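Trainee: Below is the structure I would like to discuss, written out as structure tokens.
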There are 2 protein chains.
Amino acid sequence: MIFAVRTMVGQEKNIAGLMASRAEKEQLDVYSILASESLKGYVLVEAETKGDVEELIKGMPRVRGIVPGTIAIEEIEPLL
Amino acid sequence: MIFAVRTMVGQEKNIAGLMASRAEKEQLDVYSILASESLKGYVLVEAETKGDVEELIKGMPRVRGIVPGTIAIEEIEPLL
């Protein structure tokens, strides 16, 4: 599933970097990460479960939470 | 411009994490980063110049280099 993680605007790359580090370190089932200045205040994360992402972002400063529901891949390209 | 950085297969997320950290730390003009297990051996990087990406990946273990030319955004979605 693709999830949108809501972040402070401008912290997208910083949080994506922290996510990638934590995902491999904690061996979370996180498959893809997208950060872009063109997508303000969101980091897109492909993961097996919502639980994976909840654990991924736990205690992360400047992360607000996960957008309810999932993101269809079709939503992504136009936003970029 | 969008660049494809060629990596060792399986190190895509690890390198993306290192990239995000280095980009903000060195204040490189790197705008977007995409890593995905679905895209084997490549990390996609949006940057102002090729120079930015060359500096981004400098001395990075498990990075082979930059794919010649640039990537049209249309190439991205089908590969995912």
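A note on labels: chains of the structure tokens are A, B, ... as shown, every chain counts residues from 1, and ligands are counted from 1 in their shown order.
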What's around residue 60 (chain A) at 9 Å? Count only C-alpha atoms, leave out sequence neighbours fewer than 4 positions away in its own chain, and write the answer as a ChimeraX atom specification.

Mentor: /A:15,18,56,64

Trainee: Both chains have the same sequence, so superpose chain B on chain A over all Cα atoms paired in order and return it as an mmCIF file with N, CA, C and O atoms, in the first residue's frame.

Mentor:
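Output file superposed13.cif is given in full below:
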data_model
loop_
_atom_site.group_PDB
_atom_site.id
_atom_site.type_symbol
_atom_site.label_atom_id
_atom_site.label_comp_id
_atom_site.auth_asym_id
_atom_site.auth_seq_id
_atom_site.Cartn_x
_atom_site.Cartn_y
_atom_site.Cartn_z
ATOM 1 N N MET B 1 0.851 -1.226 0.000
ATOM 2 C CA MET B 1 0.000 0.000 0.000
ATOM 3 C C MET B 1 0.866 1.247 0.000
ATOM 4 O O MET B 1 1.953 1.244 0.577
ATOM 5 N N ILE B 2 0.368 2.314 -0.622
ATOM 6 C CA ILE B 2 1.051 3.610 -0.599
ATOM 7 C C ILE B 2 0.384 4.516 0.435
ATOM 8 O O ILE B 2 -0.835 4.691 0.431
ATOM 9 N N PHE B 3 1.196 5.079 1.324
ATOM 10 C CA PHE B 3 0.710 5.968 2.363
ATOM 11 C C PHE B 3 1.321 7.351 2.178
ATOM 12 O O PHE B 3 2.450 7.485 1.678
ATOM 13 N N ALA B 4 0.575 8.375 2.577
ATOM 14 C CA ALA B 4 1.113 9.729 2.628
ATOM 15 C C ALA B 4 1.379 10.080 4.086
ATOM 16 O O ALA B 4 0.475 10.020 4.923
ATOM 17 N N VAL B 5 2.629 10.423 4.379
ATOM 18 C CA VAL B 5 3.015 10.876 5.708
ATOM 19 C C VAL B 5 3.070 12.401 5.688
ATOM 20 O O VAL B 5 3.809 12.995 4.906
ATOM 21 N N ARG B 6 2.263 13.018 6.542
ATOM 22 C CA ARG B 6 2.173 14.467 6.636
ATOM 23 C C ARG B 6 3.339 14.996 7.474
ATOM 24 O O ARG B 6 3.561 14.552 8.606
ATOM 25 N N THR B 7 4.081 15.940 6.904
ATOM 26 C CA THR B 7 5.242 16.518 7.573
ATOM 27 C C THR B 7 5.139 18.034 7.613
ATOM 28 O O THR B 7 4.299 18.630 6.927
ATOM 29 N N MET B 8 6.003 18.653 8.416
ATOM 30 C CA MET B 8 6.233 20.085 8.321
ATOM 31 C C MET B 8 6.742 20.385 6.914
ATOM 32 O O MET B 8 7.575 19.642 6.376
ATOM 33 N N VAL B 9 6.235 21.460 6.317
ATOM 34 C CA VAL B 9 6.680 21.885 4.989
ATOM 35 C C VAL B 9 8.174 22.210 5.039
ATOM 36 O O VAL B 9 8.630 22.913 5.941
ATOM 37 N N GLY B 10 8.932 21.658 4.094
ATOM 38 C CA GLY B 10 10.372 21.897 4.025
ATOM 39 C C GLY B 10 11.221 20.806 4.651
ATOM 40 O O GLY B 10 12.435 20.776 4.455
ATOM 41 N N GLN B 11 10.581 19.901 5.393
ATOM 42 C CA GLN B 11 11.287 18.804 6.065
ATOM 43 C C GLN B 11 11.150 17.457 5.346
ATOM 44 O O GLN B 11 11.524 16.420 5.896
ATOM 45 N N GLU B 12 10.627 17.485 4.121
ATOM 46 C CA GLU B 12 10.321 16.263 3.368
ATOM 47 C C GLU B 12 11.561 15.381 3.151
ATOM 48 O O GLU B 12 11.544 14.192 3.473
ATOM 49 N N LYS B 13 12.637 15.968 2.626
ATOM 50 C CA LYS B 13 13.887 15.227 2.401
ATOM 51 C C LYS B 13 14.548 14.767 3.708
ATOM 52 O O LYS B 13 15.050 13.642 3.796
ATOM 53 N N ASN B 14 14.547 15.640 4.717
ATOM 54 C CA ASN B 14 15.096 15.301 6.035
ATOM 55 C C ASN B 14 14.415 14.079 6.648
ATOM 56 O O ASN B 14 15.081 13.180 7.171
ATOM 57 N N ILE B 15 13.087 14.048 6.560
ATOM 58 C CA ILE B 15 12.301 12.946 7.114
ATOM 59 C C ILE B 15 12.452 11.664 6.281
ATOM 60 O O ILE B 15 12.582 10.579 6.840
ATOM 61 N N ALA B 16 12.470 11.801 4.954
ATOM 62 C CA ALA B 16 12.717 10.665 4.062
ATOM 63 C C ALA B 16 14.052 9.980 4.371
ATOM 64 O O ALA B 16 14.127 8.751 4.402
ATOM 65 N N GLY B 17 15.095 10.780 4.590
ATOM 66 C CA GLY B 17 16.401 10.268 5.004
ATOM 67 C C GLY B 17 16.371 9.506 6.317
ATOM 68 O O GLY B 17 16.997 8.446 6.448
ATOM 69 N N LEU B 18 15.646 10.048 7.294
ATOM 70 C CA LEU B 18 15.482 9.392 8.591
ATOM 71 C C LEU B 18 14.683 8.098 8.438
ATOM 72 O O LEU B 18 15.018 7.082 9.048
ATOM 73 N N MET B 19 13.636 8.144 7.611
ATOM 74 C CA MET B 19 12.803 6.976 7.315
ATOM 75 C C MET B 19 13.592 5.807 6.732
ATOM 76 O O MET B 19 13.465 4.683 7.211
ATOM 77 N N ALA B 20 14.386 6.080 5.696
ATOM 78 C CA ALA B 20 15.210 5.058 5.040
ATOM 79 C C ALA B 20 16.177 4.393 6.012
ATOM 80 O O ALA B 20 16.322 3.169 6.011
ATOM 81 N N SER B 21 16.822 5.208 6.845
ATOM 82 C CA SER B 21 17.733 4.731 7.882
ATOM 83 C C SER B 21 17.023 3.817 8.887
ATOM 84 O O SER B 21 17.495 2.718 9.168
ATOM 85 N N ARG B 22 15.881 4.278 9.401
ATOM 86 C CA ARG B 22 15.104 3.538 10.398
ATOM 87 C C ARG B 22 14.493 2.251 9.839
ATOM 88 O O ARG B 22 14.436 1.234 10.538
ATOM 89 N N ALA B 23 14.038 2.306 8.587
ATOM 90 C CA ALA B 23 13.432 1.150 7.910
ATOM 91 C C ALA B 23 14.380 -0.044 7.794
ATOM 92 O O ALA B 23 13.988 -1.184 8.060
ATOM 93 N N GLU B 24 15.618 0.217 7.388
ATOM 94 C CA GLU B 24 16.600 -0.850 7.222
ATOM 95 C C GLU B 24 17.162 -1.305 8.571
ATOM 96 O O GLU B 24 17.415 -2.492 8.774
ATOM 97 N N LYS B 25 17.323 -0.354 9.489
ATOM 98 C CA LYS B 25 17.816 -0.615 10.841
ATOM 99 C C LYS B 25 16.840 -1.461 11.671
ATOM 100 O O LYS B 25 17.255 -2.398 12.357
ATOM 101 N N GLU B 26 15.552 -1.132 11.598
ATOM 102 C CA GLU B 26 14.516 -1.871 12.324
ATOM 103 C C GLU B 26 13.903 -2.998 11.488
ATOM 104 O O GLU B 26 13.019 -3.725 11.959
ATOM 105 N N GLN B 27 14.389 -3.132 10.255
ATOM 106 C CA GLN B 27 13.920 -4.138 9.295
ATOM 107 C C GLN B 27 12.405 -4.098 9.078
ATOM 108 O O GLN B 27 11.737 -5.134 9.042
ATOM 109 N N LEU B 28 11.879 -2.882 8.936
ATOM 110 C CA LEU B 28 10.464 -2.671 8.669
ATOM 111 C C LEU B 28 10.166 -3.013 7.216
ATOM 112 O O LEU B 28 11.041 -2.905 6.355
ATOM 113 N N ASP B 29 8.932 -3.428 6.950
ATOM 114 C CA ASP B 29 8.521 -3.791 5.598
ATOM 115 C C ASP B 29 8.110 -2.549 4.809
ATOM 116 O O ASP B 29 6.961 -2.402 4.397
ATOM 117 N N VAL B 30 9.082 -1.657 4.626
ATOM 118 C CA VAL B 30 8.906 -0.404 3.897
ATOM 119 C C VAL B 30 9.645 -0.565 2.577
ATOM 120 O O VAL B 30 10.847 -0.816 2.572
ATOM 121 N N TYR B 31 8.923 -0.432 1.467
ATOM 122 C CA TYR B 31 9.454 -0.815 0.148
ATOM 123 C C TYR B 31 9.926 0.347 -0.708
ATOM 124 O O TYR B 31 10.892 0.212 -1.472
ATOM 125 N N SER B 32 9.232 1.479 -0.591
ATOM 126 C CA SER B 32 9.529 2.658 -1.391
ATOM 127 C C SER B 32 9.372 3.937 -0.573
ATOM 128 O O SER B 32 8.544 4.004 0.334
ATOM 129 N N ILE B 33 10.181 4.941 -0.896
ATOM 130 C CA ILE B 33 10.081 6.260 -0.272
ATOM 131 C C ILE B 33 10.252 7.325 -1.354
ATOM 132 O O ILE B 33 11.194 7.256 -2.147
ATOM 133 N N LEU B 34 9.326 8.287 -1.386
ATOM 134 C CA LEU B 34 9.429 9.458 -2.263
ATOM 135 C C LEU B 34 9.328 10.767 -1.483
ATOM 136 O O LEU B 34 8.340 11.016 -0.781
ATOM 137 N N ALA B 35 10.354 11.602 -1.620
ATOM 138 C CA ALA B 35 10.309 12.969 -1.108
ATOM 139 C C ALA B 35 10.582 13.937 -2.253
ATOM 140 O O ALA B 35 11.442 13.682 -3.098
ATOM 141 N N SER B 36 9.837 15.038 -2.278
ATOM 142 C CA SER B 36 9.979 16.047 -3.323
ATOM 143 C C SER B 36 9.559 17.423 -2.824
ATOM 144 O O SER B 36 8.508 17.572 -2.191
ATOM 145 N N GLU B 37 10.375 18.429 -3.131
ATOM 146 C CA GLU B 37 10.029 19.820 -2.832
ATOM 147 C C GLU B 37 8.743 20.240 -3.540
ATOM 148 O O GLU B 37 8.054 21.146 -3.088
ATOM 149 N N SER B 38 8.431 19.571 -4.649
ATOM 150 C CA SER B 38 7.190 19.793 -5.390
ATOM 151 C C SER B 38 5.959 19.273 -4.640
ATOM 152 O O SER B 38 4.836 19.714 -4.895
ATOM 153 N N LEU B 39 6.173 18.328 -3.731
ATOM 154 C CA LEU B 39 5.102 17.832 -2.885
ATOM 155 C C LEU B 39 5.304 18.308 -1.445
ATOM 156 O O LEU B 39 5.948 17.648 -0.627
ATOM 157 N N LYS B 40 4.735 19.477 -1.163
ATOM 158 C CA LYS B 40 4.907 20.178 0.103
ATOM 159 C C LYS B 40 4.207 19.477 1.253
ATOM 160 O O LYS B 40 3.006 19.205 1.186
ATOM 161 N N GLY B 41 4.969 19.189 2.305
ATOM 162 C CA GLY B 41 4.425 18.652 3.558
ATOM 163 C C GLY B 41 4.001 17.195 3.540
ATOM 164 O O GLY B 41 3.224 16.759 4.395
ATOM 165 N N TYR B 42 4.501 16.434 2.568
ATOM 166 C CA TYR B 42 4.194 15.004 2.492
ATOM 167 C C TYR B 42 5.396 14.201 2.043
ATOM 168 O O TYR B 42 6.175 14.661 1.204
ATOM 169 N N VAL B 43 5.545 13.015 2.628
ATOM 170 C CA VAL B 43 6.476 11.997 2.154
ATOM 171 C C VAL B 43 5.629 10.771 1.825
ATOM 172 O O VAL B 43 4.790 10.341 2.631
ATOM 173 N N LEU B 44 5.827 10.230 0.631
ATOM 174 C CA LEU B 44 5.083 9.049 0.209
ATOM 175 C C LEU B 44 5.883 7.803 0.523
ATOM 176 O O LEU B 44 7.080 7.730 0.226
ATOM 177 N N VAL B 45 5.207 6.835 1.143
ATOM 178 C CA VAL B 45 5.840 5.611 1.613
ATOM 179 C C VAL B 45 5.035 4.403 1.152
ATOM 180 O O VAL B 45 3.841 4.297 1.446
ATOM 181 N N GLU B 46 5.685 3.505 0.417
ATOM 182 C CA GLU B 46 5.093 2.207 0.135
ATOM 183 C C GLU B 46 5.497 1.230 1.233
ATOM 184 O O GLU B 46 6.687 1.078 1.538
ATOM 185 N N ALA B 47 4.499 0.586 1.832
ATOM 186 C CA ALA B 47 4.734 -0.352 2.923
ATOM 187 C C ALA B 47 3.713 -1.479 2.900
ATOM 188 O O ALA B 47 2.650 -1.361 2.276
ATOM 189 N N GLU B 48 4.046 -2.575 3.576
ATOM 190 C CA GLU B 48 3.172 -3.738 3.632
ATOM 191 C C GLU B 48 1.885 -3.430 4.397
ATOM 192 O O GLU B 48 0.786 -3.741 3.930
ATOM 193 N N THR B 49 2.038 -2.817 5.569
ATOM 194 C CA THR B 49 0.912 -2.497 6.441
ATOM 195 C C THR B 49 1.016 -1.058 6.921
ATOM 196 O O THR B 49 2.088 -0.444 6.844
ATOM 197 N N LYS B 50 -0.093 -0.530 7.433
ATOM 198 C CA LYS B 50 -0.091 0.780 8.074
ATOM 199 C C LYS B 50 0.776 0.758 9.333
ATOM 200 O O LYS B 50 1.449 1.747 9.646
ATOM 201 N N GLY B 51 0.763 -0.379 10.034
ATOM 202 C CA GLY B 51 1.596 -0.592 11.216
ATOM 203 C C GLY B 51 3.071 -0.314 10.983
ATOM 204 O O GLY B 51 3.725 0.330 11.816
ATOM 205 N N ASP B 52 3.590 -0.797 9.851
ATOM 206 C CA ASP B 52 4.967 -0.535 9.434
ATOM 207 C C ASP B 52 5.274 0.959 9.405
ATOM 208 O O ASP B 52 6.304 1.396 9.918
ATOM 209 N N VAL B 53 4.368 1.737 8.814
ATOM 210 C CA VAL B 53 4.546 3.185 8.693
ATOM 211 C C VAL B 53 4.390 3.887 10.045
ATOM 212 O O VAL B 53 5.125 4.832 10.333
ATOM 213 N N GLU B 54 3.447 3.419 10.867
ATOM 214 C CA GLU B 54 3.255 3.961 12.214
ATOM 215 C C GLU B 54 4.522 3.796 13.051
ATOM 216 O O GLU B 54 4.900 4.696 13.809
ATOM 217 N N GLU B 55 5.170 2.641 12.908
ATOM 218 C CA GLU B 55 6.426 2.373 13.596
ATOM 219 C C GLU B 55 7.570 3.175 12.981
ATOM 220 O O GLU B 55 8.454 3.653 13.695
ATOM 221 N N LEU B 56 7.534 3.316 11.656
ATOM 222 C CA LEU B 56 8.535 4.073 10.911
ATOM 223 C C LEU B 56 8.632 5.521 11.389
ATOM 224 O O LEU B 56 9.729 6.055 11.530
ATOM 225 N N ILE B 57 7.482 6.138 11.656
ATOM 226 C CA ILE B 57 7.430 7.566 11.982
ATOM 227 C C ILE B 57 7.402 7.859 13.489
ATOM 228 O O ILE B 57 7.442 9.021 13.899
ATOM 229 N N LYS B 58 7.347 6.804 14.299
ATOM 230 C CA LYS B 58 7.256 6.932 15.758
ATOM 231 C C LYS B 58 8.340 7.850 16.315
ATOM 232 O O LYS B 58 9.530 7.659 16.051
ATOM 233 N N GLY B 59 7.910 8.861 17.066
ATOM 234 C CA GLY B 59 8.826 9.784 17.737
ATOM 235 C C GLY B 59 9.623 10.682 16.807
ATOM 236 O O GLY B 59 10.585 11.318 17.234
ATOM 237 N N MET B 60 9.231 10.732 15.537
ATOM 238 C CA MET B 60 9.903 11.585 14.566
ATOM 239 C C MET B 60 9.453 13.023 14.699
ATOM 240 O O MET B 60 8.269 13.327 14.503
ATOM 241 N N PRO B 61 10.399 13.919 15.030
ATOM 242 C CA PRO B 61 10.071 15.332 15.089
ATOM 243 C C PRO B 61 9.700 15.825 13.697
ATOM 244 O O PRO B 61 10.274 15.366 12.697
ATOM 245 N N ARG B 62 8.720 16.726 13.653
ATOM 246 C CA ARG B 62 8.262 17.391 12.428
ATOM 247 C C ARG B 62 7.384 16.507 11.528
ATOM 248 O O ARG B 62 7.038 16.904 10.419
ATOM 249 N N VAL B 63 7.023 15.324 12.026
ATOM 250 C CA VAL B 63 6.016 14.467 11.395
ATOM 251 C C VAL B 63 4.684 14.602 12.148
ATOM 252 O O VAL B 63 4.634 14.439 13.369
ATOM 253 N N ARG B 64 3.613 14.905 11.413
ATOM 254 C CA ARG B 64 2.281 15.089 12.000
ATOM 255 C C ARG B 64 1.510 13.778 12.100
ATOM 256 O O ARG B 64 0.755 13.565 13.048
ATOM 257 N N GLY B 65 1.689 12.908 11.111
ATOM 258 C CA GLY B 65 1.033 11.608 11.107
ATOM 259 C C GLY B 65 0.795 11.082 9.708
ATOM 260 O O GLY B 65 1.391 11.571 8.741
ATOM 261 N N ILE B 66 -0.074 10.081 9.607
ATOM 262 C CA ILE B 66 -0.392 9.448 8.328
ATOM 263 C C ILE B 66 -1.757 9.922 7.838
ATOM 264 O O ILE B 66 -2.720 9.968 8.609
ATOM 265 N N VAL B 67 -1.830 10.276 6.557
ATOM 266 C CA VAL B 67 -3.110 10.582 5.915
ATOM 267 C C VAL B 67 -4.006 9.338 5.943
ATOM 268 O O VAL B 67 -3.563 8.252 5.573
ATOM 269 N N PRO B 68 -5.260 9.490 6.419
ATOM 270 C CA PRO B 68 -6.222 8.388 6.415
ATOM 271 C C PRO B 68 -6.419 7.789 5.028
ATOM 272 O O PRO B 68 -6.415 8.513 4.024
ATOM 273 N N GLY B 69 -6.586 6.471 4.991
ATOM 274 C CA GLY B 69 -6.761 5.739 3.745
ATOM 275 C C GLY B 69 -5.434 5.572 3.031
ATOM 276 O O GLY B 69 -4.363 5.789 3.613
ATOM 277 N N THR B 70 -5.505 5.182 1.766
ATOM 278 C CA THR B 70 -4.309 4.974 0.960
ATOM 279 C C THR B 70 -4.320 5.863 -0.278
ATOM 280 O O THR B 70 -5.333 6.493 -0.597
ATOM 281 N N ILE B 71 -3.181 5.904 -0.962
ATOM 282 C CA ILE B 71 -3.010 6.727 -2.148
ATOM 283 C C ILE B 71 -2.932 5.834 -3.384
ATOM 284 O O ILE B 71 -2.141 4.886 -3.428
ATOM 285 N N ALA B 72 -3.768 6.131 -4.374
ATOM 286 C CA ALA B 72 -3.682 5.478 -5.672
ATOM 287 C C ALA B 72 -2.497 6.073 -6.423
ATOM 288 O O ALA B 72 -2.316 7.294 -6.434
ATOM 289 N N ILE B 73 -1.687 5.210 -7.036
ATOM 290 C CA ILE B 73 -0.477 5.649 -7.743
ATOM 291 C C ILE B 73 -0.763 6.733 -8.798
ATOM 292 O O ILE B 73 0.108 7.547 -9.107
ATOM 293 N N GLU B 74 -1.994 6.754 -9.306
ATOM 294 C CA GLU B 74 -2.432 7.740 -10.297
ATOM 295 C C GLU B 74 -2.429 9.170 -9.752
ATOM 296 O O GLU B 74 -2.316 10.125 -10.522
ATOM 297 N N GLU B 75 -2.560 9.308 -8.432
ATOM 298 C CA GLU B 75 -2.564 10.619 -7.778
ATOM 299 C C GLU B 75 -1.178 11.269 -7.768
ATOM 300 O O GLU B 75 -1.064 12.493 -7.667
ATOM 301 N N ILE B 76 -0.140 10.442 -7.894
ATOM 302 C CA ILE B 76 1.250 10.857 -7.656
ATOM 303 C C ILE B 76 1.864 11.734 -8.763
ATOM 304 O O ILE B 76 2.337 12.840 -8.480
ATOM 305 N N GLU B 77 1.853 11.247 -10.005
ATOM 306 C CA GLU B 77 2.501 11.961 -11.117
ATOM 307 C C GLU B 77 2.007 13.404 -11.347
ATOM 308 O O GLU B 77 2.836 14.304 -11.513
ATOM 309 N N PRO B 78 0.671 13.633 -11.358
ATOM 310 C CA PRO B 78 0.170 15.006 -11.528
ATOM 311 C C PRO B 78 0.642 15.978 -10.441
ATOM 312 O O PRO B 78 0.860 17.157 -10.729
ATOM 313 N N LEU B 79 0.804 15.482 -9.214
ATOM 314 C CA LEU B 79 1.294 16.299 -8.098
ATOM 315 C C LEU B 79 2.780 16.660 -8.217
ATOM 316 O O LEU B 79 3.286 17.493 -7.456
ATOM 317 N N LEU B 80 3.470 16.032 -9.170
ATOM 318 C CA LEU B 80 4.887 16.293 -9.409
ATOM 319 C C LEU B 80 5.091 17.092 -10.693
ATOM 320 O O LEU B 80 5.176 18.322 -10.667
#

Trainee: Identify, with DSSP run on backbone atoms, the residues in region 9-77 of chain B assigned to strand (DSSP E), and express the list as a PyMOL selection string.

Mentor: chain B and resi 30-36+42-47+63-66

Trainee: With DSSP run on the backbone, what are the alpha helix (DSSP H) residues within chain A? I'd like them as a list in words.

Mentor: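 The alpha helix (DSSP H) subset of chain A is residues 12, 13, 14, 15, 16, 17, 18, 19, 20, 21, 22, 23, 24, 25, 50, 51, 52, 53, 54, 55, 56 and 57 of chain A.
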